[PDB]
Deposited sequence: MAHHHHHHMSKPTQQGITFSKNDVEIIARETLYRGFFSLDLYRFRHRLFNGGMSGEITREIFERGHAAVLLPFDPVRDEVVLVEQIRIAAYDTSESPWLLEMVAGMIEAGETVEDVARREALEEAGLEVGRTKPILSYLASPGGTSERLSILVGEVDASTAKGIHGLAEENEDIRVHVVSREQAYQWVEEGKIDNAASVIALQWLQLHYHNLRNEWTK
C-alpha cells in the first residue's frame, strides 16, 4: 500500500518569484491535507526552478563499455576533491521537445555518438526538498569505439570499471549513479536483447 493523497489534496495558494536570472527561485505557499484528517496551516518552501533534463547512458552491448563525459561542475567544489565530474550525456528539455530527441541530440554533440535503439531507464526527482528538477534517463545503444570529443573530455570505460568507480565514489553524481546501478542490474538481459 502506497501514497494516500493526490493533487486534489493540496492547495497551492501562490507562487512568489524571489529571484530571477538564468534560473528562478520561487516561494511556494500552500495548504495540504493531513494523514489524521484535517488541513495543514499555510506552508512555504523555497524551490529552485531550473526546468527538467534528459539523460542518456551510452552503452555498447557488444563491447560491454560505456561512454562518459568529463567536465567541471563548480557546485561540486565544496564537497569534492575535484569539481571535474564523470557524467552521463544530458541536456535541458525545451518546450515541445521529447526526452528521446534531446538525449539523441546531446549524445551526438557531446560525445560524437550515433545512437541506435533506446530504452527508458527511470525518471527521478533530483532533490524534491529544494528543487522541482526531474531528470529522465534512457539507455542508448552505441559503438563505443566511435566516441569522439563548455569544455568536455570523452571517456570510454568498461561497464565493470565504471560501476567500480560508483562503488569507490569516483562517480558520485545522481544521474550517473542511478544509470550505472541500473545497468549493473540489467546488462545481462540488455546485452541479449540488443545482440539478438
| said: Missing CA coverage against the deposited sequence, listed in sequence order. | reply: 1 to 14, 164 to 171
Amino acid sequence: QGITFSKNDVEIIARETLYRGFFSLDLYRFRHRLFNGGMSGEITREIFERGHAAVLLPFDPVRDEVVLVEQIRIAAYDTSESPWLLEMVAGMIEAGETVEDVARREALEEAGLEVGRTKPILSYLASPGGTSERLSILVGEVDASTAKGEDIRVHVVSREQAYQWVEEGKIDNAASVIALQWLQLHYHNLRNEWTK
From here on, numbers count along this sequence of modelled residues.
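For clarity, a rigid core is taken as the largest C-alpha set superposing within 1.5 Å between two forms.
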| said: Given a rigid core fit, name the stretch, 52 to 60 or 33 to 41, whose C-alphas are on average farther from the form shown here in 9 other deposited structures of this protein. | reply: 33 to 41
| task | Give, as the answer, the stretch of 169 to 177 and 7 to 15 that departs more from the shown form in 9 other deposited structures of this protein; the measure is RMS Cα distance after a core fit. | result | 7 to 15
| Entry-level comparison of average CA B-factors, 171 to 179 and 7 to 15, reporting the higher stretch | 7 to 15
| Between the two ranges 41 to 49 and 150 to 158, the one averaging a larger CA B factor in the entry | 41 to 49
| message | Take the CA temperature factors straight from the PDB entry and tell me which of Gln71, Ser123, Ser82, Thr98 peaks. | response | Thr98
| said: Per the entry's Cα B factor values, which of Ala76, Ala103, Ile93, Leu86 stands out as the maximum? | reply: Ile93
| request: Taking the chain's C-alpha temperature factors as the reference, tell me which third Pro61 falls into: lowest, middle or highest. | output: middle
| field | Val166, C-alpha B-factor rank within chain (lowest, middle or highest third) | value | lowest
| request: Among all modelled residues of this chain, ranked by Cα B factor, put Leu27 in the bottom, middle or top third, i.e. lowest, middle or highest. | output: middle
| request: Grab the CA temperature factor for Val139 from the record and place it in the lowest, middle or highest third of its chain. | output: middle
| remark: Among the modelled residues of its chain, the C-alpha B-factor of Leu34 falls in the third labelled highest
